[PDB]
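Step one of this worksheet: look at the structure below.
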Amino acid sequence: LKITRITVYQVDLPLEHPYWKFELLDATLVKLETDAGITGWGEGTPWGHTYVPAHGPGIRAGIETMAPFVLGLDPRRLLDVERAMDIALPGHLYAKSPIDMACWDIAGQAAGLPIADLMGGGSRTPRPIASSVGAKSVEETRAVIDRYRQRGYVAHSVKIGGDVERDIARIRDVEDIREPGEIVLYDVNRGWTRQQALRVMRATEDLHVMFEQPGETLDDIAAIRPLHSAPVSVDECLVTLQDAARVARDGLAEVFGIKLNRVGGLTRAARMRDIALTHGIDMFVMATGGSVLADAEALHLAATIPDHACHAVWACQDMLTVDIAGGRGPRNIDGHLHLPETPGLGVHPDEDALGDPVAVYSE
Amino acid sequence: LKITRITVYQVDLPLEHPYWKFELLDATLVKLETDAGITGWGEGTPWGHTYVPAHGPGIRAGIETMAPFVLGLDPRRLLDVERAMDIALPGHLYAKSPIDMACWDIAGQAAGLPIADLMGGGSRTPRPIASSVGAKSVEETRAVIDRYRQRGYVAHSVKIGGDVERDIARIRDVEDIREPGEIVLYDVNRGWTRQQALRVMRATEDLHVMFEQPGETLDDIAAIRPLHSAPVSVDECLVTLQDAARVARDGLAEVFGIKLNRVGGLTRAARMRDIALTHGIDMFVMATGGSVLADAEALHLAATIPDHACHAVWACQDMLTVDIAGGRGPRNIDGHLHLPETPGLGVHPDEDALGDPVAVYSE
Amino acid sequence: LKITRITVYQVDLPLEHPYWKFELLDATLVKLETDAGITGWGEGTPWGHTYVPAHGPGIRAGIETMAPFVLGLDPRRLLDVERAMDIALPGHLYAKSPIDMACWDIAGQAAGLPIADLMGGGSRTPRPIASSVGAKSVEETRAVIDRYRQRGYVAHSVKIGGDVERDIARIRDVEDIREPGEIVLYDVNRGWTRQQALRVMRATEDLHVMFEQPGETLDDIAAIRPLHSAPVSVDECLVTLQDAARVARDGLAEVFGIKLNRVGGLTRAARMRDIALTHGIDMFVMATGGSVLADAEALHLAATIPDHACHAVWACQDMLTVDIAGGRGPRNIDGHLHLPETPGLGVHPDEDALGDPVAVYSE
Amino acid sequence: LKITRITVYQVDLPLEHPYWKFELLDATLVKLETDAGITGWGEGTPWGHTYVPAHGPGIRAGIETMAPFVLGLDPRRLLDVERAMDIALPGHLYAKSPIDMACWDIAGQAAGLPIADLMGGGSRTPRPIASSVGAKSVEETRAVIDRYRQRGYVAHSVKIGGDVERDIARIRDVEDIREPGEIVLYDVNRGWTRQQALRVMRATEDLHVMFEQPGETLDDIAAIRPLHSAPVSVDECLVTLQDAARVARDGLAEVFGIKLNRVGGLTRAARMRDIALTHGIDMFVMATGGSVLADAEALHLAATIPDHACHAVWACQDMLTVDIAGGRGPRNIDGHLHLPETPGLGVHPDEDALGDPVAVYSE
Amino acid sequence: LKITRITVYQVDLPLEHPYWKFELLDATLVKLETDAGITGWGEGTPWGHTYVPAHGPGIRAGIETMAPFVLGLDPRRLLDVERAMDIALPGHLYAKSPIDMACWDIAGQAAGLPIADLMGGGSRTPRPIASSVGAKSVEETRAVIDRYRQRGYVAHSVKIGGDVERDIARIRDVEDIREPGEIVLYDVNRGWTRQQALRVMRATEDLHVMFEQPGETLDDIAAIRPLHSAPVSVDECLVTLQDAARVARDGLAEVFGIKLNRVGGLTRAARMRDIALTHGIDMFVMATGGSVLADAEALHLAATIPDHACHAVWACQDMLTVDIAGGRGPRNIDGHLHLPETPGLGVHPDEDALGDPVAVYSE
């Protein structure tokens, strides 16, 4: 078996609810072909080009340079694919993720196994979905949660940052209406200075709350680590396996917020899982952004984690106004994603919605 | 003096109150014989084969390999017995414990001294017994404590883990009905992730409570050490003397939860005592599981600790539906164990209840 | 697919050259059967019962307890097999290795892939074999190396320990006759005190030599780490993934000496590889002991390491006087092992040489 | 003043001496235009796409995303340009460098000052040039140095890696023919494992030699830091200011090997200079690769360093077979670069050699 | 059993070879009596009153205060004796040693066991004796060693300190005439400043030598620990078990130089042994000073150490011109002490040589 052709696609996935000027995701899809005629897909969709060092053009760019060295290889040999990509172009993990996704998918089907199972075996327990709650008054806030809670959602990610007085107020408000067994994570998105982080994280310890990325960098996360007692989840700065092992040996945070595109995809999120699980660290697993092909990938990973150790996943498809698989793939069935039983990724798109190839690489 | 024959027994000790499928303890008894005709007994009884790296078949197994090198030696020379077992088979301390128990017992009688006295001198202060409180509603909870409290029990081990919201609630409930001078330890049994540990241990600092094994491994215990202020007792991961000295030099926990079978028996629990006492660390001493021969061993050790530094012992015999000594040995006399005055262990079983030898090793 | 029957075998593999009273390896073979009728094998063979916490009876023992929970599962789901074994019986990795070996082998064939390839893709570069050089005068020493060097061997493991003056002399002698490009590792086998280690490791820095396990425990390895400059390879004390990540984050040693049975087999050696490779650490990969089924397993792992990062493997079959596969499996073809191209382990024994089953576990 | 148009160019600069398949540099040139009609240039030229996380297509890619936010700004306000690029697209410093180069150049001329002077004032002391010495026998080695030494070169960068025995030999050979006052740096380019690094760096301490990037990552550099005494220069892993301040506070290396494109250009190399100089750390300053516009930029920085603290620069133009400025700009005048006296960068190319614009961004 | 009377003696033991004004040891002997009429002896003999915080009058003083609380107790209960002495008078371990010696001796005989055996079992391997080599020219030096070497001595303690140039010279001289398998320790006796220690310890690493107490305090030993590679033995500053565990966890020295009177006698040297042995640390065991009752005590301890881990003992009796046991007790039989086979200490003095009681304490 061998890789015969990489074909690259570009799709604008518009958002159901635009914001403030954010309006649509630049999404890159990859499709590798094999001489056996077993085909696999991968998707790379940064949530914008401001949130993290990754952008649409930059992946599409990555593949151009990386393509010639990935063609020819055996797709079912992910350490060889990986070592070829790494040699070919160090770093740039957001560019290596969709290829790795595709490659797994091929090997999945070739072994006649769903990704999660081929990666060692995955759980069928329905996985909760993290909602999304943008800035809004204490009044408009409760609104989105109760509405979201009627739509079956049982896990929420409330966005905060900017203002200590206002942020403390927001956490205290949300923790005032939060029915028992309700999962809420307070996602800061680096929107806090050390001094701010320290302040609000301390202020709300008596509500026993969790925070994601309370600082610009893992070093800010670390500096203030010994200063407060709130469990911190380490997200945008959780990039390599060194960041991985360093958090856990040195007790710098308690939770990994994995995001597949960010960390370089399946094979290398696997190793962060291996570490987190031996050092007693809990995960949230979500694709960075994208269609259902993104949710599918994050689900195969969330599956390989025992359910006590995996708090919530995300469905970015419910955030989008377009659908590129006409219903196919793991969808929001009552606030939860159910692992697909189908060999490989278990969802391919129809090339009807992808537009013409933006580039092609063969042998 | 010399060891002439090791004889190995196997006994199912059923539980008074089974649970959820736990129902009986696989227990290994050892009986060494000497050319002077002075006989000693040892018992090895893991609480199951899931709680800790130890199992019935594995001890019985250990002895087979270890036997030929222990035969012949002088039972009263515990550093020689020990060094022979260690050379013979590194690690496997749960397998070395019953032999060490027996050997002490022989030397005890040969010196005409109860274990506790021969080990340096033991206290006659009646030692409190830790009860056992399984998962149950806040309602069924109070029930077991008041009932247990009528039966004279004055020290309780409340089991928690799994759920931060529910666990906080359980501690707050139990600390709501706890009459002054009542000893309660909250035993987690590793049933917490770092993130969970940190959360509940912080949440309940204003009740001044103690926790046992709040994490999978001493490293999880350590990582979160600087993050909260609750005194932690270090249990399943307290195995060697290196774990011993490392906790105490590096201030990783405040309490040793010794369990004799786990740590390799009397001689090597002694050294953890030596350390804890010079570094201001308090002990709970209990056999891992078993009949009265197990409680006896843990009592000889709890005795060698000054009473301010020894919070509670355990009587596993009150947990069992069978009795293999027809009343003999230290029993629950009003919530407390009284150190036996008899030379050696001060309780032998009657081989009536042990069944036929499962194996024998002579010269 | 599912596991239908575990069958356990016991074989005495005698040594070509006995020593001082070491004469034969107690070896445990396991054979799992599936309802698809796809069969896999695993082997567990400690080099004795003195070298490391592992012994024949103790594995055979482990399986008894562990068996009921492993039956029924899907062999191709190694994180599920693993989590079932771990829950079933914590620790005891030397007992979990042969089952994991077998399980991989089934999944290997079921995916129609040799182990090394299914684990991510393996190298075909012929791998050097570590010879073995027991204590002997400077004269009898050179003898074994030149003789061994004629037989095509190009990598040697010279055993030292006990005496600083004599050990320094031995290294200086061996480094005096060592033709360029010759790989020699000086294996101490914990046979040094801190004070001795420090002394000889310093004394021979100007020969640029490497040492394996220069101390009883990783803590002795660590204490003296900052005191000398010789690269140390971390072996018997390299057990869990915590030991793994702790060495590498804290720069305590530079080389992993993996031994499959010790660390718990393929799935969990994989993770040590993942770590070593991201933290710039080099490996030696060898089975702990055994027949060709042991060499095969270590080869599938040595294969998944890029060749600059894998110094040498071992063939224990050339050390044995019996052959349980009548020629089949990776053998010493001119000082080197060549990765087998066959699906799975790529070598099964003939049950002719294994004797009658020592125990059987079905459903 | 404001930025009116960014125009992007792409040029293949072939090498005078190709190697092993490396043959030409993919180089990106940028030209910003202002409403005052003051024009500036920047160049981004990774030495390939394998040496470091940077590639031609990836910069050209970066600008596309980054362009709209850089248009409009005042070029003379580098903290505003920078904060706009950073917000626009985090990380990707190799993409931000040429824009920053250009922007400085405009502000340079607008202030009527050469870059080095506007950045605080630059030295006129002729700066030595680092030669380049590829792998070759001890014989072909001496050849390149003496030949290079006749051509006036007085500073050499000898490439090593791969093999401890061969590398030690290479250093000892080169240090055998090295006339007093001759600057040689041994550049490893990450081509060493921890174990190898430690070995050769120790082996050659008595020659008092310096090494560049002896390991894959700053963590490998750090782990082995306390283990040897050779001064290490920190290169490919010297990326952000955190890497900057962390090396120096924690004494992890003694020398910064700045490379402008890598670190994000002038403004942010300036800060590494500020740090190195207050913590007693010495620099080598070179462009990553490129034409004379690259050498010019590195010279303006090497100038802002006092001459005792700046060991050597590099002229990549002497490595190239094409010339895109027909003689203009700082050239190799007898082994040394002389800081240009002209306002701004002090060298623009002629758009004759750049080919047609590969993209244009206006308002 | 119980203690009935403590009787205290004072004896001047003159030296065979006086020095420079040192001439005789002020020695305190203690004799406890029991109602069973089983009698035990202890001796406390600082080597002067300048070498260490201990002096004749100060022990005799200690007992006065400590006596009333030690009378009455059971001598065979050393943790009770110890806890009574500690409560009675904290610190002052040089005063608590002779009582502890005596007490062991009683319990020894009462158990019908020699000290070494009752403490867990002792080795019969003849133990080497450390000679003593005072300051002298390189010429007079060799003299004392060869003469001493004819008298059967095979282990020497060469005294150094004061002068780096002269000390380096002395080590190099002694290491020039030192026949293979000859044990020499270079004892500094704190006679070095940090700067001096560092200098000479580095200067002589290529002779692979060991040093005792190279500094005033364990902190000086520690400060310079990471700066050199010579194995250091930790002596006068090795006082409590905290010093004990702190050296070994933090890798501050490699060798314990136990001295019984200093550390508080048998029970508490035992614990330092327990620690040293689990952390791979080697011992020298000697009484601080005194007659054969001192050598006997140190031998019972040196015996409880496996012979690879015990480099040499000392016989202070060969240093004395008087003999208080008319030949009885472990004497220098050809450079070695042989463990006595007799119950208890296995040597009592005859009260003929002790003079009249200097004080008596009864009930």
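Identifiers for the structure tokens are assigned positionally: chains receive A, B, ... in sequence, residues are indexed from 1 per chain, and ligands are indexed from 1 in the order shown.
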Please identify all residues of chain D having at least one atom at most 12 Å from any atom of chain E, considering only C-alpha atoms, and return them as a CSV table (one decimal) with N, CA, C and O atoms, in the first residue's frame.
```
chain,number,residue,atom,x,y,z
D,226,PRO,N,24.5,21.2,33.3
D,226,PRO,CA,25.4,21.0,34.4
D,226,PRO,C,26.4,19.9,34.3
D,226,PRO,O,27.2,19.7,35.2
D,227,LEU,N,26.4,19.2,33.2
D,227,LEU,CA,27.2,18.0,33.1
D,227,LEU,C,28.6,18.1,32.4
D,227,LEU,O,29.4,17.2,32.4
D,228,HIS,N,28.9,19.3,31.9
D,228,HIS,CA,30.1,19.5,31.1
D,228,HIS,C,30.4,21.0,31.2
D,228,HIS,O,29.7,21.7,31.8
D,229,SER,N,31.6,21.4,30.7
D,229,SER,CA,32.0,22.8,30.8
D,229,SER,C,32.3,23.5,29.5
D,229,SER,O,32.9,24.5,29.5
```
### Task
Per DSSP on the backbone, filter range 98-270 of chain A down to the residues in strand (DSSP E) and report them as a PyMOL selection string.
chain A and resi 127-128+155-159+183-187+211-212+232-234+255-259
### Task
Write out as an MDAnalysis selection string all residues of range 288-332 of chain A that backbone DSSP assigns to alpha helix (DSSP H).
chainID A and resid 292:303
### Task
Do a neighbour search on range 296-300 of chain D at 7 Å with only C-alpha atoms, toss out local chain neighbours closer than 2 positions, and write the hits as a PyMOL selection string.
chain D and resi 115-116+260+285-287+292-294+302-304+329-330+339+345
Store the residues of this selection in a file with C-alpha atoms, as a compact mmCIF listing (two decimals), in the first residue's frame.
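Saved file part-v3.txt follows:
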```txt
# COMPACT_ATOMS: atom_id res chain seq x y z
CA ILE D 115 19.38 51.41 10.55
CA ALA D 116 22.17 50.72 13.08
CA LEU D 260 17.16 37.63 12.12
CA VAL D 285 24.57 37.72 14.39
CA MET D 286 23.70 36.38 10.92
CA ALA D 287 20.74 36.47 8.57
CA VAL D 292 22.88 41.18 0.51
CA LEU D 293 19.62 42.67 1.82
CA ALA D 294 19.87 39.85 4.39
CA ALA D 302 25.75 43.27 14.73
CA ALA D 303 26.68 46.95 14.73
CA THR D 304 24.43 47.78 17.75
CA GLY D 329 25.36 46.95 -0.27
CA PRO D 330 27.79 45.69 2.42
CA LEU D 339 28.54 49.14 8.16
CA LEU D 345 19.05 49.80 5.15
```
### Query
Leaving out residue 323 in chain C and any residue of its chain fewer than 4 positions from it, which residues lie within 12 Å of it when counting only C-alpha atoms, given as a ChimeraX atom specification?
/C:11-16,290-293,316-319,327-329,331,349-354
### Message
Between CA of residue 142 in chain E and CA of residue 180 in chain E, what is the distance in Å, rounded to a tenth?
### Response
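Straight-line distance from CA of residue 142 in chain E to CA of residue 180 in chain E works out to 15.8 Å.
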